[PDB]
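**Student:** Once you've seen the sequence and the experimental structure below, I've got questions.
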Amino acid sequence: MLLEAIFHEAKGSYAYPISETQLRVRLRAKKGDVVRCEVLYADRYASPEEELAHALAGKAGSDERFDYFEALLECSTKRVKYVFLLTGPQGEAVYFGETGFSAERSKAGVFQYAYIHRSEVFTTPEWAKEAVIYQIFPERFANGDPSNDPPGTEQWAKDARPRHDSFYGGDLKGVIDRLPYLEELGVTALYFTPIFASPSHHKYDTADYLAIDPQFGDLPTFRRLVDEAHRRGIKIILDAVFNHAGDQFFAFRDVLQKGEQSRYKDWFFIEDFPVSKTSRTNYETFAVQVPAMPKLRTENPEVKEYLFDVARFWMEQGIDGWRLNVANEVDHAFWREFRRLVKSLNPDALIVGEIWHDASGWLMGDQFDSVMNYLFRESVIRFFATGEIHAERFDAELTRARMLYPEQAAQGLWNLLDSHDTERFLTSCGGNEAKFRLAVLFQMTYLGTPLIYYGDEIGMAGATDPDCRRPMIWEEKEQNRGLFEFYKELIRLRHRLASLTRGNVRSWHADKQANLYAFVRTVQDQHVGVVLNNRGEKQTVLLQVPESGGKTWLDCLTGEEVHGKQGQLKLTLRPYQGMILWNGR
Ligand SMILES: OC[C@H]1O[C@@H]2O[C@H]3[C@H](O)[C@@H](O)[C@@H](O[C@H]4[C@H](O)[C@@H](O)[C@@H](O[C@H]5[C@H](O)[C@@H](O)[C@@H](O[C@H]6[C@H](O)[C@@H](O)[C@@H](O[C@H]7[C@H](O)[C@@H](O)[C@@H](O[C@H]8[C@H](O)[C@@H](O)[C@@H](O[C@H]1[C@H](O)[C@H]2O)O[C@@H]8CO)O[C@@H]7CO)O[C@@H]6CO)O[C@@H]5CO)O[C@@H]4CO)O[C@@H]3CO
């Protein structure tokens, strides 16, 4: 049993509260090293004479190299100390504690979770768990007011190939006019990219955080969108760029004019003025040389209050949350305080961050509710699209990601297939609608919150930016209504089956050879097994029947298949077919 591979910590994603009285504990070890893993615990002040409590940690999954065991400690005192009992294949057992590994339970020591504060229990908005987000790029969704259109706008047509600097006249009024379409599809929330005032084409360099860009609409119209959206049960999530401002931002406008005499000089990172935004820069900007985007000194108490006041203003308009662009570059303190402000104004307000790497340090409960699950996509692209990887490998990747953050976060990660920065998933599938659909089937049933990129529902395709930003197809006869209907039904199943939104995930079956994958979602007595045949050939397989839900199963897409035959289930799947097996509870 390789002791150097066993890992655990009384913090982070390995030991964290799910309530003021319940503590989840996680443990990692070499694949096939531990057969059974038990946990003995008791209050931190219990007498040495007292018998310890027992918790059996079932294997929650396994990846490319590690096994993951998960336990649930009951702590009525709100304090807890514990040790692990690990048993190997050959029957050898060993105790694992803070002190180390030993056959002696005392020499092993004991891990400690000092105390559990109700305020430190990771809590996220209930609606975000069963929501279905829809990403809207205002400029290209629906142009409901042609008098909004900027000079040089191009005609709105199907056979259109966008350019980096093209314009189509998309606005907020169109979003309103098209709400019925969205409600029908079943979207629960709408995500808008930056829509604040900006002289640029992308609006990432904000000019006035307190005003809507004339091109998309105005304050009154927004208010109306909010109401019409809310009235139809749809939340509005706005995109905010607080890491940097645009070259037009009033405060930068002042320093570029008043130099060191400006009372706003400490609001940016300026080396030596006289601020020279000519072509070289004497101030720190966004990526490298991007004068149009001066970084803001969020650490400065004066700046924080401004951004904080900005958040305050928009929350008065009824927005339901924020997506924080380039968040990993803002001090944690700011974020901890931002959370407080926001949750205090609206506890159901959602906070989503943009980090393209391990977002662990921002996912413990005091900063963000979740982030864009970039791992999810990278994994789906390679499995369903290109086929660079197989099901057994796939299973490992999905697991690897899941164990990264606390479950409260995992259930909230935004699972996208594409965005304005990638090509349409249809293109990745080489136009194969067969593959694409199976990917959506997965997306709508896996652990996390589905994020639909505007237009994917009607079968739109295109290469990466800007070919990924083609004007929405509003022609009934030019839309793939087959897919539209397909999306509607998957989304519908998601809202009625608790397992798909509030249940957990466990690997059910994965064949490297058949490239067939299956997983199971369980909440209380409900069980829904998903089978995926990622092959263009008809195949049949025998899956074990998890010891909990019954001998009868129903495919929510087609019809019954009660194959409970002595612990097995015989399933014949058509090429690229997927099944949603519900145990009926
Ligand atoms: O605020 C800007 C930007 O923010 C968001 O972008 C996020 C993005 O969604 C995430 O995917 C991630 O980005 C990482 C990226 O995915 C990685 O691949 C990698 O990037 C490498 C590139 O792949 C590589 O090609 C090269 O990039 C250089 C470009 O080739 C070069 O041309 C230039 O870029 C200029 C653009 O070409 C030009 O069009 C203009 O871009 C504007 C966008 O069009 C506009 O939509 C918006 O972009 C948002 C984006 O939509 C958000 O989602 O504003 C842009 C203006 O800044 O101007 C560009 C600048 O002149 O320069 C680049 C870089 O030098 O190398 C990179 C090397 O890393 O890493 C990326 C970051 O880690 O995260 C971002 C941030 O949250």
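**Tutor:** Thanks, I have it. Numbering: from 1, shown residues only.
**Student:** residues from the protein in reach of the ligand?
**Tutor:** Along the chain, the residues adjacent to the ligand under the rule Cβ under 6 Å from any ligand atom are 164, 202, 204, 286-288, 290, 325-326, 354, 356, 420-421. Backbone N, C-alpha and C define where each C-beta goes, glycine included.
**Student:** which of the residues you listed count as buried?
**Tutor:** Neighbour-count burial (16 or more other Cβ atoms under 10 Å) applied to those gives 204, 286, 325-326, 354, 420.
**Student:** For residue 319, state which of those residues is nearest.
**Tutor:** In terms of Cβ to Cβ, no member of those lies closer to residue 319 than residue 325, at 15.2 Å.
**Student:** Would you confirm that residue 137 contacts residue 194?
**Tutor:** No - because the distance of 10.1 Å does not satisfy Cβ atoms under 8 Å, residue 137 is recorded as not touching residue 194.
**Student:** circling back: wait, which of the residues of the chain next to the ligand is closest to residue 178?
**Tutor:** Checking those against residue 178 with Cβ to Cβ, the nearest one is residue 420 at 18.2 Å.
**Student:** can you pull the contacts of the closest one?
**Tutor:** By Cβ atoms under 8 Å, 6 or more residues apart in numbering, the residues touching residue 420 are 135, 137, 193, 453, 465, 468-469.
**Student:** In a markdown table: the residues of the chain next to the ligand, plus secondary structure.
**Tutor:** As requested, those are arranged in a markdown table below (DSSP: H, G, I helix; E, B strand; the rest coil):
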| residue | secondary structure |
| --- | --- |
| 164 | coil |
| 202 | coil |
| 204 | coil |
| 286 | coil |
| 287 | coil |
| 288 | coil |
| 290 | coil |
| 325 | coil |
| 326 | coil |
| 354 | coil |
| 356 | coil |
| 420 | coil |
| 421 | coil |
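**Student:** would you turn the residues you listed into a markdown table with distance to residue 80?
**Tutor:** Output for those, formatted as a markdown table (distance: Cβ to Cβ, whole Å):
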| residue | distance to residue 80 |
| --- | --- |
| 164 | 57 |
| 202 | 50 |
| 204 | 46 |
| 286 | 45 |
| 287 | 46 |
| 288 | 49 |
| 290 | 50 |
| 325 | 39 |
| 326 | 38 |
| 354 | 35 |
| 356 | 36 |
| 420 | 46 |
| 421 | 44 |
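**Student:** Tell me which residue of the stretch 401-550 of the chain lies closest to the ligand.
**Tutor:** Sorted by distance to the ligand under Cβ to the nearest ligand atom, the residues of the stretch 401-550 of the chain start with residue 421, at 4.4 Å.
**Student:** so who does residue 174 touch?
**Tutor:** Taking Cβ under 8 Å, 6+ apart as the test, what residue 174 contacts is 141-145.
**Student:** Which single one of those is nearest to the ligand?
**Tutor:** Nearest to the ligand among the contacts of residue 174 is residue 141, at 15.8 Å by Cβ to the nearest ligand atom.
**Student:** ok, the closest one touching residue 470?
**Tutor:** No - counting by Cβ under 8 Å, residue 141 stays clear of residue 470, with 11.1 Å between them.
**Student:** Tell me the residue of the stretch 1-150 of the chain that sits nearest the ligand?
**Tutor:** Closest point on the stretch 1-150 of the chain to the ligand, by Cβ to the nearest ligand atom, is residue 137, at 9.6 Å.
**Student:** ugh, typo on my part, it should be the chain
**Tutor:** Among all residues of the chain, residue 202 sits closest to the ligand, at 3.8 Å; criterion: Cβ to the nearest ligand atom.
**Student:** Next, the contact list for the closest residue to that residue other than its chain neighbours, please.
**Tutor:** Leaving aside its chain neighbours, residue 202 sits nearest to residue 194 (7.4 Å; criterion: Cβ to Cβ, 6 or more residues apart in numbering). With Cβ under 8 Å, 6+ apart as the criterion, the residues that contact residue 194 are 202-204, 206, 239-241, 325.
**Student:** 7 Å instead?
**Tutor:** Residues counted as contacts of residue 194 (Cβ atoms under 7 Å, 6 or more residues apart in numbering) are 203-204, 206, 239, 241.
**Student:** Quick check: phi and psi at residue 74.
**Tutor:** According to degrees, to the nearest 10, the main-chain angles of residue 74 amount to phi -90, psi 120.
**Student:** What's the local residue count around the nearest residue to it once chain neighbours are set aside?
**Tutor:** The spatial neighbour of residue 74 that comes closest, neighbours along the chain excluded (Cβ to Cβ, 6+ apart), is residue 22 at 6.4 Å. By the other Cβ atoms under 10 Å criterion, the neighbourhood of residue 22 contains 14 residues.
**Student:** quick one: residue 22 from residue 121, how far?
**Tutor:** The spacing between residue 22 and residue 121, counted by Cβ to Cβ, to the nearest Å, is 9 Å.
**Student:** Next, show the common contact partners of these two.
**Tutor:** Taking Cβ under 7 Å, 6+ apart as the contact definition, residue 22 and residue 121 share no neighbouring residue.
**Student:** Residue 174 - that's part of a helix, no?
**Tutor:** Yes - the assignment for residue 174 is a helix, going by three-state DSSP.
**Student:** ranges for the helices of the stretch 151-300 of the chain?
**Tutor:** 172-177, 179-185, 219-231, 250-258 (DSSP state H, counting those that start in this stretch).
**Student:** Okay, buried residues for the first one please.
**Tutor:** Residues 172-176 are the ones in helix 172-177 that count as buried (16+ other Cβ under 10 Å).
**Student:** what's the answer for stretch 407-425, then?
**Tutor:** Of all the residues in stretch 407-425, those buried under the rule 16+ other Cβ under 10 Å are 407-420, 422, 424-425.
**Student:** again with stretch 298-307
**Tutor:** 298, 303-304, 306-307.
**Student:** same question, stretch 238-257
**Tutor:** 238-249, 251-252, 254-256.
**Student:** The contacts of residue 174: which two are farthest apart?
**Tutor:** 141 and 145 (12.6 Å).
**Student:** Break this protein down into its domains, please.
**Tutor:** Domain segmentation of the chain under curated CATH domains yields 1-121, 122-242+298-502, 243-297, 503-585.
**Student:** these two touch, right, residue 3 and residue 101?
**Tutor:** Yes - with contact defined as Cβ atoms under 7 Å, residue 3 reaches residue 101; the gap is 5.0 Å.
**Student:** Those two: who's more crowded?
**Tutor:** More neighbours surround residue 101 than the other of residue 3 and residue 101, with 17 against 13 (other Cβ under 10 Å).
**Student:** Next, work out how far apart that one and residue 53 are.
**Tutor:** From residue 101 across to residue 53, the span is 21 Å (Cβ to Cβ).
**Student:** same deal with residue 160?
**Tutor:** According to Cβ to Cβ, residue 160 stands 66 Å off from residue 53.
**Student:** now swap in residue 310 and tell me
**Tutor:** Taken as Cβ to Cβ, the span from residue 310 to residue 53 is 49 Å.
**Student:** With residue 568 instead?
**Tutor:** Taking Cβ to Cβ as the measure, residue 568 and residue 53 are separated by 37 Å.
**Student:** Give me the more crowded residue out of these two.
**Tutor:** When residue 568 is set against residue 53 and neighbours are counted by other Cβ under 10 Å, the residue ahead is residue 53, at 16 against 13.
**Student:** List the residues that contact that one.
**Tutor:** Applying Cβ under 7 Å, 6+ apart as the definition, the contact partners of residue 53 turn out to be 40-42.
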